[PDB]
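A.B. asks:
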Amino acid sequence: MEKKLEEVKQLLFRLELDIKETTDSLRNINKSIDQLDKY
Amino acid sequence: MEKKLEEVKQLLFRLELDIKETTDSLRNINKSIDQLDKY
Amino acid sequence: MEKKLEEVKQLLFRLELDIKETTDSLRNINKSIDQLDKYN
Amino acid sequence: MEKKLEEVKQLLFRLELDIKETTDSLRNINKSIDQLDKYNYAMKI
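Residue numbers (the authors' numbering), protein chains in the order written: chain B, 1 to 39; chain D, 1 to 39; chain C, 1 to 40; chain A, 1 to 45.
(1) Just to confirm before moving on: does the CB-CB distance between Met1/C and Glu7/D stay below 8 Å?
(2) Got a sec: which bits of the region 6-37 of chain A sit with their beta carbon under 8 Å from any beta carbon on chain B, in order along the chain?
(3) Name, please, each residue of chain B whose Cβ falls closer than 9 Å to the Cβ of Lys4/D.
(4) Closest to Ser25/C by CA distance: which of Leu26/A, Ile19/A, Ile33/A and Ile29/A is it?
(5) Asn40/C to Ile29/A, Cα distance in whole Å?
(6) DSSP state of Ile45/A, grouped into three classes?
(7) Which first and last residues belong to the alpha helix (DSSP H) in which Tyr39/C is found?
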């Protein structure tokens, strides 16, 4: 089915954005931990 | 420091859930592909 | 404190493990796709 | 399941690169954690 594959596609686009958000949150966390080095 | 760490910790709990959810969506995608292959 | 940092460190190791499952699932989809390539 | 399949392959590849960013970020975090242990040690005894 090209509809099934179309569905997989749509889910993959969403997972891409979800992973990009996880990355961004981890980068933020990284900065927080950096602060604490001398602080 | 202890306050910041608690905020980081809480965030890491939510990221774990988000990652595990992504993994789950991928395993379901894997199922869909397998079903097409079976066909 | 020591305790909170330890809990954070453990959490980061769990995310390492969780992310490796994501990577492994991706790899398994690729394998399943390759099977289609042959026929599909 | 051909042109569509190729689209899916492109997406799975993109997702692989996205995940690599996530793993790199985790690696950098750990590096900052080790720096934080260095400090904590030196600033104590």
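For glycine and all other residues, C-beta sits at the position ideal for the given N, C-alpha and C.
C.D. replies: By the coordinates alone:
(1) The criterion of a C-beta distance shorter than 8 Å is not satisfied by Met1/C and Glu7/D.
(2) Within the region 6-37 of chain A, the qualifying residues are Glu7, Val8, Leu11, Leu12, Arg14, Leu15, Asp18, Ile19, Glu21, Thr22, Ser25, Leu26, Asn28, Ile29, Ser32, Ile33, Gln35 and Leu36.
(3) For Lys4/D, the chain B residues whose C-beta falls within less than 9 Å of its own C-beta are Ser32, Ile33, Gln35, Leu36 and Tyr39, listed in chain order.
(4) Looking at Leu26/A, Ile19/A, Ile33/A and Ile29/A, the one whose alpha-carbon comes closest to that of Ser25/C is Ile19/A.
(5) Whole-angstrom Cα-Cα distance: 43 Å.
(6) In the structure shown, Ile45/A adopts coil according to DSSP, grouped into three states.
(7) DSSP places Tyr39/C in the uninterrupted alpha helix (DSSP H) bounded by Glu2 to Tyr39.
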